[PDB]
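Novice: Mind having a look at this structure? Questions to follow.
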Number of protein chains: 4
Amino acid sequence: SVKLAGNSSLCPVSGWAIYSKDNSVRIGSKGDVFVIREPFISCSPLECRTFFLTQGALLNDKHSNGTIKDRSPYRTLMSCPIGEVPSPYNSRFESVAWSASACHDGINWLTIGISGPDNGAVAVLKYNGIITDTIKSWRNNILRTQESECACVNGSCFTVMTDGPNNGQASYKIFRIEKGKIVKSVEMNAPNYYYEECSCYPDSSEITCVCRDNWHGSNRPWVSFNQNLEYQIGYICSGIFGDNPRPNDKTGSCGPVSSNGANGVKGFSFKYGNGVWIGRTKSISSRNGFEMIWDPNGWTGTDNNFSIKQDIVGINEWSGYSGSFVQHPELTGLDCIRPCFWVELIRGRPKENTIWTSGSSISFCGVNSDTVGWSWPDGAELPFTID
Amino acid sequence: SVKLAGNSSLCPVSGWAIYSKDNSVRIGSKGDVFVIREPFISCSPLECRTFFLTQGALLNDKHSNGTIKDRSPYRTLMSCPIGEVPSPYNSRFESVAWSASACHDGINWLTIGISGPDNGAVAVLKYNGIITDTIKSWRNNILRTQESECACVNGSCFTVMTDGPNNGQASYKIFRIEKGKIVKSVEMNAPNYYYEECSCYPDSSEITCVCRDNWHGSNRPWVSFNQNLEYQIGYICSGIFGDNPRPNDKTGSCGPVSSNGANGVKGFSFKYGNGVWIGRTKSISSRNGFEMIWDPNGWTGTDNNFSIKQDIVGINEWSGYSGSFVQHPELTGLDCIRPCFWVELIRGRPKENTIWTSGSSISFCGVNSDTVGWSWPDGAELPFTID
Amino acid sequence: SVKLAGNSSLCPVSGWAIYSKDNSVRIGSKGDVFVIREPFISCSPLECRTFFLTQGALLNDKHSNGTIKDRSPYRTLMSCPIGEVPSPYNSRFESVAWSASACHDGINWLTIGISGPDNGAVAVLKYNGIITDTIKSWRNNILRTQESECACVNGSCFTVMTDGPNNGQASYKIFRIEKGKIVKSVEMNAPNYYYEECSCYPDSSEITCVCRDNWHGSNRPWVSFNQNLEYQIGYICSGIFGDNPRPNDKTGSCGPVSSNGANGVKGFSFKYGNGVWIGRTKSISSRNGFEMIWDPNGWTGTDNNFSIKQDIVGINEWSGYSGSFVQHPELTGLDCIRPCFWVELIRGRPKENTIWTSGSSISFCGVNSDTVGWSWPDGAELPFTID
Amino acid sequence: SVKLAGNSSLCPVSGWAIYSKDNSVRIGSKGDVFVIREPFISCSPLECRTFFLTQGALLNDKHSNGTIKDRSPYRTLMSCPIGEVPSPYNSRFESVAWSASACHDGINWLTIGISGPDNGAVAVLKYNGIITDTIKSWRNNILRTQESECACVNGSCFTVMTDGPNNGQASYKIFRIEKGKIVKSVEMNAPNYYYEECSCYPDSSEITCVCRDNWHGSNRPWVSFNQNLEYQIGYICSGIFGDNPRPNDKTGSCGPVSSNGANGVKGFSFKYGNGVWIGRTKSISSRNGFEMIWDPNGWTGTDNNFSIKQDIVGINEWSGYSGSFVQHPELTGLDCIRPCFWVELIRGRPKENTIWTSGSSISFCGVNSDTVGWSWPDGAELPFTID
Ligand SMILES: *[C@@H]1O[C@H](CO[C@@H]2O[C@@H](C)[C@@H](O)[C@@H](O)[C@@H]2O)[C@@H](O[C@@H]2O[C@H](CO)[C@@H](O[C@@H]3O[C@H](CO)[C@@H](O)[C@H](O)[C@@H]3O)[C@H](O)[C@H]2NC(C)=O)[C@H](O)[C@H]1NC(C)=O
Ligand SMILES: *[C@@H]1O[C@H](CO)[C@@H](O[C@@H]2O[C@H](CO)[C@@H](O)[C@H](O)[C@H]2NC(C)=O)[C@H](O)[C@H]1NC(C)=O
Ligand SMILES: CCC(CC)O[C@@H]1C=C(C(=O)O)C[C@H](N)[C@H]1NC(C)=O
Ligand SMILES: CCC(CC)O[C@@H]1C=C(C(=O)O)C[C@H](N)[C@H]1NC(C)=O
Ligand SMILES: CCC(CC)O[C@@H]1C=C(C(=O)O)C[C@H](N)[C@H]1NC(C)=O
Ligand SMILES: CCC(CC)O[C@@H]1C=C(C(=O)O)C[C@H](N)[C@H]1NC(C)=O
Ligand SMILES: *[C@@H]1O[C@H](CO)[C@@H](O)[C@H](O)[C@H]1NC(C)=O
Ligand SMILES: *[C@@H]1O[C@H](CO)[C@@H](O)[C@H](O)[C@H]1NC(C)=O
Ligand SMILES: *[C@@H]1O[C@H](CO)[C@@H](O)[C@H](O)[C@H]1NC(C)=O
Ligand SMILES: *[C@@H]1O[C@H](CO)[C@@H](O)[C@H](O)[C@H]1NC(C)=O
Ligand SMILES: *[C@@H]1O[C@H](CO)[C@@H](O)[C@H](O)[C@H]1NC(C)=O
Ligand SMILES: *[C@@H]1O[C@H](CO)[C@@H](O)[C@H](O)[C@H]1NC(C)=O
Ligand SMILES: *[C@@H]1O[C@H](CO)[C@@H](O)[C@H](O)[C@H]1NC(C)=O
Ligand SMILES: *[C@@H]1O[C@H](CO)[C@@H](O)[C@H](O)[C@H]1NC(C)=O
Ligand SMILES: [Ca+2]
Ligand SMILES: [Ca+2]
Ligand SMILES: [Ca+2]
Ligand SMILES: [Ca+2]
Ligand SMILES: [Ca+2]
Ligand SMILES: [Ca+2]
Ligand SMILES: [Ca+2]
Ligand SMILES: [Ca+2]
């Protein structure tokens with residue numbers, strides 16, 4: 001057992017190969033599958049796992065009612081092997097949680113589970129399933145974290161948490177965690193910026209996060225930092241806007257794009273010098289479709305020109321949250337950190353006539369060999385028996 | 001593989017961080033979940049498991065009828081990983097049992113399962129799943145034990161069993177067990193005391209148990225002993241009465257408090273010199289709510305003053321049994337024995353209009369970092385389809 | 001990994017401690033549990049397992065219809081951990097089989113599964129799941145074997161199979177198997193005797209089997225042999241008759257007792273010099289009740305006097321097959337081979353108004369510490385939804 | 001952990017002993033069993049697994065509707081232990097796929113999953129569950145592969161893929177794969193031949209495949225090749241025609257037999273010098289029955305004389321696909337590669353009046369000990385509740 005190094009670069013990729021699809025909603029029409037949202041994938045040096053927030057209820061049972069609601073004492077962070085449906089019979093218990101993160105440092109799993117009331121929530125940190133630290137809300141307004149993997153470099157793992165308003169300026173903290181103990185945190189000086197639900201990855205010993213501006217930005221904010229939590233900030237400049245909702249593509253900005261800026265969706269992007277791989281919905285107004293776009297000057301340039309598009313989910317199909325995950329050299333035998341991504345395919349409320357809301361998932365890994373666009377959608381036929 | 005030392009002291013703690021929640025009754029509305037009661041948690045040097053007594057039946061199935069009944073030949077002691085629902089598809093069989101204890105000595109699991117008739121019950125002891133001893137009823141009146149983990153120090157494990165009436169003086173025995181063999185037993189000289197369902201923990205090579213007085217005490221009796229089973233006895237002095245039912249808080253006693261003293265509920269407390277952490281129900285009269293209370297002179301002092309109260313379950317929510325469990329240094333890497341506790345959230349009879357009685361659970365570990373009070377209730381909507 | 005020695009004596013025992021109960025039928029009212037019959041228990045140097053013949057169907061589903069039928073192409077030998085319900089989600093596949101045996105030599109599992117037509121069935125032998133030998137019917141009349149564990153001594157495993165009429169003289173062969181290969185077999189000279197469904201155990205390097213005389217004996221036949229398959233034969237002499245059906249207890253015989261001799265039930269007994277532990281039904285005419293009797297001169301003496309009786313299942317409750325299993329010193333750390341037993345608790349046809357027949361199980365291990373008689377019955381309320 | 005040598009010859013065999021049967025459709029009537037088709041078996045040096053293509057849906061649930069359809073975005077390659085039903089609670093996820101292959105090289109599993117559109121499908125190759133390559137459609141017309149195990153020799157694994165029309169000349173490529181990376185590929189010069197759904201096995205360091213001619217052959221084509229992918233081609237000469245449909249047996253041909261030659265079924269055969277073991281349907285016109293036939297000159301001779309026939313599934317029972325699988329010496333301890341085979345038992349559309357199509361399986365291993373013919377059919381009673 002050895003710490004992941006996290007010191008190689010991101011592998012450059014030409015397209016995305018499908019890695020997993022779980023068909024959870026399809027299978028939960030009959031089988032015992034958790035009602036879930038906020039899924040994400042994270043890997044150890046030996047296997048990849050799907051992490052997700054349960055509702056403490058199964059699909060197609062009465063306790064699925066009301067599950068549009070984000071935060072309750074019943075929600076738990078749990079994990080199963082990638083591509084398997086999340087069921088009480090295959091799922092490992094991680095933490096009591098209505099907001100979460102997790103990541104493996106090479107030696108053990110770190111899990112971060114936020115529960116408690118909206119005015120003073122507490123994140124419980126676990127290393128190898130043992131409680132190792134806690135951190136309490138510091139603005140008393142829904143302490144919340146990534147809903148995707150935290151990032152590890154040389155035995156330290158890093159995450160971002162936000163506390164405060166979700167329709168205005170909030171507070172954003174970056175954390176360095178070692179064996180599940182917070183060893184350093186910094187509060188970001190970021191006036192007129194808004195960060196939430198960061199998708200963070202390691203690249204050459206430093207962390208880059210792409211996040212959700214729920215306040216006033218239809219492009220995505222980014223923060224990058226070193227092991228000492230010295231950070232830089234910015235927004236993705238590309239006029240290929242990454243949030244949902246958003247405007248039609250036009251000239252972008254290196255600040256927040258106010259047009260259609262309020263509200264948002266968790267997502268991700270990968271930086272490659274001045275270029276960017278952008279994952280986004282296909283709809284500008286709802287969580288429908290998904291596509292990957294390579295924009296070779298999109299990190300720093302404001303034009304709406306891009307070089308490559310790869311379809312993932314079709315425009316008339318439900319999508320949802322998306323996030324980054326990596327596969328480190330210790331897992332693959334490669335010489336670079338491999339970028340991958342997952343998409344949550346949300347079914348039910350508020351868009352469909354059900355009592356419940358739940359998602360399934362798809363994921364892909366970046367390759368340089370041949371790939372193809374298609375649509376891999378959820379596939380479930382709603383409503384269900386219980387509706 | 002090495003014996004747990006058990007020679008460090010209990011970690012002083014300032015608050016309780018939430019560790020697990022299984023949502024078993026919400027899930028068993030559709031999934032295949034055992035009807036259970038009397039769960040408890042116990043840990044090895046590698047993992048924590050939930051142990052429970054099934055009723056040989058699944059929730060929402062006709063065999064769950066009459067599960068108010070305590071003792072039958074169908075009841076079995078099983079276990080699963082902490083925070084998962086108890087299902088036949090994830091559950092390890094331990095013993096045939098309608099009363100039980102279990103604990104791991106660092107090398108293997110000890111399990112204690114009592115079955116057979118009320119007038120001649122037999123505890124079957126197993127080590128690593130092999131039967132290694134038996135002990136038979138010596139008062140022919142419901143031989144019964146902790147319904148929580150036994151306690152181990154340096155290769156020896158310890159438990160308490162009771163035999164006799166449950167509305168008067170009974171007989172209380174203390175056992176030393178090594179590799180599943182009873183190596184010593186003593187009968188307590190405790191006239192006017194009553195002890196059952198003891199919650200016992202190791203602390204500086206010695207055992208402390210905090211039990212239930214079902215005869216005439218609304219404070220909790222305690223017994224502590226060394227490896228030779230030389231023991232001392234008393235009741236918790238605090239005016240913050242620990243049993244349910246009980247009177248409102250007032251001046252306490254260092255012997256049994258007869259007011260509201262008949263009947264009771266399994267519980268626990270942790271001793272820290274002259275102070276005490278008390279877990280108890282929030283209602284004085286029924287199994288509702290739960291809270292933890294730090295009384296810095298409550299072990300030996302009789303006033304009803306205390307310094308910390310942390311909410312766990314809201315007063316209008318169903319409560320039940322509670323018990324201690326520890327995490328040893330061999331598991332955590334800490335220099336002290338970490339105290340944790342679980343709470344059984346009972347649903348169904350006699351308080352609700354169902355044909356069945358079954359419980360879910362929640363657990364908490366002691367920490368010194370920030371924590372928050374809240375309510376983490378069972379969450380199921382009764383009645384169920386079978387009712 | 002080392003061969004079981006099989007050279008110590010059977011442990012002398014004063015009574016029987018309950019080891020397992022699975023509540024299969026109760027649990028299969030809702031959950032996914034196999035329809036099964038002919039269960040049995042067998043242990044490796046590390047765990048004990050329940051082996052059973054499925055009907056290729058689950059309880060409370062329509063394909064359970066007609067499962068009174070013994071032999072079909074759908075029946076499979078499968079195994080799960082002891083005390084767990086046999087479910088498609090916890091059961092390991094062993095062999096296609098409508099008659100079976102299994103046993104662990106200390107290194108790997110041997111399994112023996114008979115399938116094919118009644119006029120030319122074939123036993124498929126597997127060692128660690130790999131086909132290692134076959135043997136075909138030699139009388140073309142339902143080749144059949146123990147329906148309980150084979151017995152191992154110093155790397156060789158032994159079993160008995162029968163072929164021919166079930167209401168008359170048939171043929172009986174004994175086999176020595178090494179790494180799943182038959183290395184020697186002999187056909188017994190046993191005129192006027194009948195052997196099937198043998199319960200065989202090792203004791204001081206030799207094998208003793210107690211079997212079912214379906215032709216004309218209400219006491220049990222026995223055959224014992226050394227590693228060379230040199231054998232001795234006889235019937236249990238005790239007037240405490242062991243089969244079902246049988247007469248009421250009277251003077252026994254060392255030959256087959258013809259009174260109520262026809263038909264039978266698989267059973268077991270353990271020899272201790274001139275004495276015998278007899279397991280049997282409590283009813284003389286149907287498979288109801290179960291009891292363990294120590295008769296100190298019952299192996300060779302014909303009187304109906306015994307010294308000890310221990311109730312297991314009460315007279316008005318369904319029972320069924322029973323068999324021996326052992327726990328070798330390599331598993332327990334004892335200096336003797338420990339005797340144990342299981343009882344199948346048959347539910348459904350032909351005695352009850354259902355479409356199906358299935359069993360659950362209980363088992364016990366022999367001890368010298370205190371024990372108690374009771375009744376641990378199946379517990380299921382028939383008929384079921386499907387009926 | 002060591003690479004499978006693959007340098008020994010195939011074990012000559014005299015008959016087929018039954019190895020597994022899952023009863024999946026019978027079990028799926030109540031249990032949580034995937035709708036599947038195109039199952040196959042493949043073994044490592046430690047265990048044998050069944051691989052299968054799910055339809056992303058369970059039996060007896062509405063999502064099973066329309067599962068006659070071959071290719072969708074929901075279909076996934078998963079695996080479970082041989083003889084267990086494929087359930088989401090015992091199934092390992094492998095790949096997103098509507099056509100697949102898998103094999104173990106002695107160190108890790110290679111999996112090949114083709115998904116995406118008919119005009120541009122991509123095979124995703126994984127080694128130990130990590131994506132290691134991709135190959136994309138080169139004729140834009142349903143890239144498709146074996147639906148059975150690939151074959152490995154000394155650390156290289158080999159498969160066959162087809163792209164083009166399924167009613168005319170297509171293009172056929174052979175691949176060498178090492179640690180999941182394509183290291184060589186060749187396109188076959190095979191005018192007037194057609195190959196798909198190849199059953200390929202190793203034998204004396206070389207690969208033999210027997211395939212399906214869907215264009216104009218009612219005998220089966222074959223291709224054999226060495227590690228450098230230098231190949232030879234031919235059709236099986238026997239007048240015992242192996243495809244389905246086919247004409248009645250008569251004088252065969254060493255090229256494609258046009259009579260009844262369009263259409264087909266996946267199958268297999270084993271070469272032993274100039275002789276062949278042929279598995280085929282018993283019906284000449286639909287997928288009914290199964291039998292094995294040893295024709296000692298059938299590889300190269302055109303007569304319809306043969307010497308052994310062993311019944312496997314009766315002529316009035318549904319059969320389907322069949323394929324080879326091997327057990328290497330590293331798994332068995334033998335001095336030769338053991339031949340085995342599986343048969344897919346298809347139920348539902350198009351032959352039965354259901355909304356769904358799904359398969360169970362049986363499997364057999366070659367032996368030289370005694371064996372028997374019989375029928376081991378699927379056994380389910382259609383229609384189901386969902387129909
Ligand atoms: C899905 O859930 C909604 C919301 O219900 C609320 O949350 C649930 C999980 C439960 O804890 C409910 O107890 C809780 O009400 C269900 O709508 C609700 O239905 C109930 C009874 O069917 C309504 O009860 C009424 O309440 C009013 C007071 O406002 C009384 O005057 C009435 O006499 C009656 O008691 C309840 O009002 C209603 N809640 C809302 C917000 O409309 C809904 O039925 C459920 N759907 C299914 C399929 O279960
Ligand atoms: C199987 O699928 C068919 C085709 O989609 C279903 O039939 C359709 O049902 C929808 C829902 O009401 C109707 O709007 C269409 O008129 C139907 N089309 C046809 C051709 O019938 C059918 O209900 C499905 N069966 C199940 C069990 O889901
Ligand atoms: C707390 C504010 C935040 C942004 C609006 O709400 C999130 C939005 C969500 C959404 O936009 O789908 C779902 C998240 N589960 C929720 N997070 C929490 C912690 O409740
Ligand atoms: C036997 C007396 C005892 C105290 C009154 O009953 C206990 C009370 C219980 C209770 O108060 O909820 C549940 C326990 N399962 C039961 N124990 C047994 C062995 O049945
Ligand atoms: C084959 C004769 C034998 C004795 C009558 O039948 C057995 C009796 C049985 C019984 O008495 O319950 C059930 C067994 N499963 C059956 N064995 C076989 C192989 O079918
Ligand atoms: C694509 C042509 C091919 C031959 C007609 O179809 C196959 C026939 C099938 C069949 O004859 O049963 C089922 C296979 N799953 C299908 N393969 C794919 C990739 O769809
Ligand atoms: C990265 O870290 C590894 C492990 O410490 C080290 O061997 C190597 O020299 C470092 N950097 C690169 C880019 O290879
Ligand atoms: C990684 O951390 C270890 C332990 O703190 C330290 O010795 C080492 O210098 C670190 N490596 C780098 C490249 O910072
Ligand atoms: C605890 O016991 C261990 C036994 O290995 C011993 O080494 C040590 O002296 C003791 N520790 C404390 C904290 O007293
Ligand atoms: C249900 O339980 C009651 C006792 O509460 C019992 O006496 C009654 O007979 C039971 N009903 C069934 C159907 O088992
Ligand atoms: C613990 O037990 C061992 C073996 O019985 C003994 O040698 C040792 O002295 C004990 N340690 C203490 C601290 O009592
Ligand atoms: C059971 O099988 C019998 C015999 O085939 C049949 O006649 C009967 O209707 C079936 N019953 C049920 C409930 O399926
Ligand atoms: C055990 O078996 C081996 C043969 O494998 C033999 O050499 C050895 O002597 C045997 N022991 C006895 C006591 O028979
Ligand atoms: C097997 O492959 C290894 C590594 O390529 C090589 O050393 C060896 O010569 C090969 N064996 C044969 C028989 O070709
Ligand atoms: Ca926004
Ligand atoms: Ca651009
Ligand atoms: Ca009391
Ligand atoms: Ca006080
Ligand atoms: Ca008889
Ligand atoms: Ca006698
Ligand atoms: Ca053809
Ligand atoms: Ca021929």
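FYI, nothing fancy with the structure tokens labels: chains A, B, ... in order, residues from 1 per chain, ligands from 1 as they appear.
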Give the residues close to ligand 1, within 9 Å, counting only C-alpha atoms and all ligand atoms; write them as a ChimeraX atom specification.

Specialist: /A:62-66,354-356,386-387 /B:379-381

Novice: Distance table requested - chain B against chain A, cut-off 8 Å, only C-alpha atoms: one row per qualifying residue with the closest atom pair and its distance in Å to one decimal, ordered by chain and rising residue number, as a tab-separated table.

Specialist:
```
residue	atom	partner	partner_atom	distance
B:17	CA	A:124	CA	7.0
B:18	CA	A:96	CA	6.8
B:19	CA	A:95	CA	6.3
B:20	CA	A:96	CA	5.9
B:21	CA	A:96	CA	6.4
B:22	CA	A:56	CA	7.9
B:23	CA	A:56	CA	5.6
B:26	CA	A:57	CA	5.8
B:27	CA	A:57	CA	5.2
B:29	CA	A:61	CA	6.9
B:30	CA	A:61	CA	5.9
B:31	CA	A:32	CA	5.8
B:81	CA	A:93	CA	7.9
B:82	CA	A:93	CA	6.9
B:83	CA	A:93	CA	5.3
B:84	CA	A:93	CA	6.0
B:85	CA	A:88	CA	6.6
B:87	CA	A:89	CA	7.7
B:89	CA	A:89	CA	6.1
B:90	CA	A:89	CA	6.0
B:332	CA	A:130	CA	6.7
B:365	CA	A:131	CA	7.5
B:369	CA	A:134	CA	5.8
B:370	CA	A:136	CA	6.0
B:371	CA	A:122	CA	6.4
B:372	CA	A:116	CA	6.8
B:373	CA	A:116	CA	7.4
B:374	CA	A:116	CA	5.9
B:375	CA	A:73	CA	7.2
B:376	CA	A:73	CA	5.1
B:377	CA	A:73	CA	7.3
B:379	CA	A:74	CA	7.1
B:380	CA	A:63	CA	7.3
B:381	CA	A:63	CA	7.5
```

Novice: Using only C-alpha atoms and all ligand atoms, which protein or nucleic acid residues are at most 7 Å from ligand 4, as a list in words?

Specialist: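 What falls inside 7 Å of ligand 4 is residues 38, 70, 71, 98, 99, 142, 144, 166, 214, 263, 264 and 265 of chain B.
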
Novice: Please save N, CA, C and O atoms of the selected residues as a PDB file, in the first residue's frame.

Specialist:
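Result file follows (part.pdb):
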```
ATOM      1  N   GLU B  38     -33.524  -5.320  19.580  1.00  0.00           N
ATOM      2  CA  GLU B  38     -32.343  -5.527  20.378  1.00  0.00           C
ATOM      3  C   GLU B  38     -31.069  -5.548  19.544  1.00  0.00           C
ATOM      4  O   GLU B  38     -30.234  -6.494  19.708  1.00  0.00           O
ATOM      5  N   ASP B  70     -41.523 -11.367  22.895  1.00  0.00           N
ATOM      6  CA  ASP B  70     -40.042 -11.397  23.094  1.00  0.00           C
ATOM      7  C   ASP B  70     -39.277 -12.668  22.752  1.00  0.00           C
ATOM      8  O   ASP B  70     -38.166 -12.596  22.129  1.00  0.00           O
ATOM      9  N   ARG B  71     -39.862 -13.833  23.065  1.00  0.00           N
ATOM     10  CA  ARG B  71     -39.026 -15.067  23.061  1.00  0.00           C
ATOM     11  C   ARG B  71     -39.765 -16.167  22.294  1.00  0.00           C
ATOM     12  O   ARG B  71     -40.976 -16.563  22.567  1.00  0.00           O
ATOM     13  N   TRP B  98     -32.916 -15.557  21.613  1.00  0.00           N
ATOM     14  CA  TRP B  98     -33.773 -14.504  22.003  1.00  0.00           C
ATOM     15  C   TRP B  98     -33.207 -13.503  23.051  1.00  0.00           C
ATOM     16  O   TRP B  98     -33.891 -12.625  23.540  1.00  0.00           O
ATOM     17  N   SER B  99     -31.911 -13.622  23.407  1.00  0.00           N
ATOM     18  CA  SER B  99     -31.151 -12.632  24.186  1.00  0.00           C
ATOM     19  C   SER B  99     -29.669 -12.938  23.836  1.00  0.00           C
ATOM     20  O   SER B  99     -29.314 -14.090  23.576  1.00  0.00           O
ATOM     21  N   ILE B 142     -36.165 -17.092  32.981  1.00  0.00           N
ATOM     22  CA  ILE B 142     -35.681 -16.285  31.879  1.00  0.00           C
ATOM     23  C   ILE B 142     -34.204 -15.840  32.014  1.00  0.00           C
ATOM     24  O   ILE B 142     -33.950 -14.638  32.215  1.00  0.00           O
ATOM     25  N   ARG B 144     -31.100 -14.215  30.899  1.00  0.00           N
ATOM     26  CA  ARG B 144     -31.026 -13.086  29.967  1.00  0.00           C
ATOM     27  C   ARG B 144     -29.701 -12.352  30.097  1.00  0.00           C
ATOM     28  O   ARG B 144     -29.093 -12.296  31.172  1.00  0.00           O
ATOM     29  N   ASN B 166     -38.468 -10.401  37.146  1.00  0.00           N
ATOM     30  CA  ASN B 166     -38.171  -9.097  36.585  1.00  0.00           C
ATOM     31  C   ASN B 166     -38.918  -7.954  37.292  1.00  0.00           C
ATOM     32  O   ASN B 166     -38.777  -6.785  36.899  1.00  0.00           O
ATOM     33  N   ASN B 214     -35.203  -2.841  36.570  1.00  0.00           N
ATOM     34  CA  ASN B 214     -36.637  -3.054  36.238  1.00  0.00           C
ATOM     35  C   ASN B 214     -37.522  -3.248  37.464  1.00  0.00           C
ATOM     36  O   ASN B 214     -38.740  -3.270  37.358  1.00  0.00           O
ATOM     37  N   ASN B 263     -40.160  -1.166  35.842  1.00  0.00           N
ATOM     38  CA  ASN B 263     -40.051  -1.134  34.424  1.00  0.00           C
ATOM     39  C   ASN B 263     -38.784  -0.358  34.104  1.00  0.00           C
ATOM     40  O   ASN B 263     -37.980  -0.001  35.025  1.00  0.00           O
ATOM     41  N   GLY B 264     -38.516  -0.194  32.814  1.00  0.00           N
ATOM     42  CA  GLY B 264     -37.343   0.507  32.401  1.00  0.00           C
ATOM     43  C   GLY B 264     -37.071   0.283  30.926  1.00  0.00           C
ATOM     44  O   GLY B 264     -37.951  -0.178  30.210  1.00  0.00           O
ATOM     45  N   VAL B 265     -35.877   0.560  30.535  1.00  0.00           N
ATOM     46  CA  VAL B 265     -35.372   0.401  29.163  1.00  0.00           C
ATOM     47  C   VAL B 265     -33.874   0.194  29.267  1.00  0.00           C
ATOM     48  O   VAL B 265     -33.214   0.802  30.118  1.00  0.00           O
TER      49      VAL B 265
END
```

Novice: Interatomic distance between atom CA of residue 206 of chain B and atom CA of residue 366 of chain B?

Specialist: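 Distance reported for this atom pair: 19.9 Å.
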
Novice: Could I get the residue neighbourhood of ligand 19 at 8 Å, counting only C-alpha atoms and all ligand atoms, as JSON, numbers by chain?

Specialist: {"C": [212, 213, 214, 215, 216, 217, 218, 219, 220, 243, 244, 245, 246, 260, 261, 262, 263, 264, 265]}

Novice: Keeping only C-alpha atoms, take the residues you just selected and write them out as a PDB file, in the first residue's frame.

Specialist:
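Output below, filename result-v7.pdb:
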```pdb
ATOM      1  CA  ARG C 212     -32.277 -46.160   5.870  1.00  0.00           C
ATOM      2  CA  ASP C 213     -33.772 -49.612   5.229  1.00  0.00           C
ATOM      3  CA  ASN C 214     -36.681 -48.754   2.923  1.00  0.00           C
ATOM      4  CA  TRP C 215     -37.418 -52.402   2.245  1.00  0.00           C
ATOM      5  CA  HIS C 216     -38.154 -54.169   5.529  1.00  0.00           C
ATOM      6  CA  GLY C 217     -36.505 -52.660   8.572  1.00  0.00           C
ATOM      7  CA  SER C 218     -37.831 -50.182  11.128  1.00  0.00           C
ATOM      8  CA  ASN C 219     -34.433 -50.177  12.888  1.00  0.00           C
ATOM      9  CA  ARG C 220     -31.425 -48.742  11.035  1.00  0.00           C
ATOM     10  CA  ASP C 243     -36.722 -45.313  11.423  1.00  0.00           C
ATOM     11  CA  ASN C 244     -39.996 -43.681  10.461  1.00  0.00           C
ATOM     12  CA  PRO C 245     -42.294 -45.396  10.152  1.00  0.00           C
ATOM     13  CA  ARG C 246     -41.777 -47.845  12.967  1.00  0.00           C
ATOM     14  CA  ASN C 260     -43.607 -51.386   9.972  1.00  0.00           C
ATOM     15  CA  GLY C 261     -40.334 -51.966   8.125  1.00  0.00           C
ATOM     16  CA  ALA C 262     -41.276 -50.803   4.658  1.00  0.00           C
ATOM     17  CA  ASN C 263     -40.672 -47.107   3.661  1.00  0.00           C
ATOM     18  CA  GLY C 264     -38.456 -44.943   5.873  1.00  0.00           C
ATOM     19  CA  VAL C 265     -36.705 -41.613   6.452  1.00  0.00           C
TER      20      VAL C 265
END
```
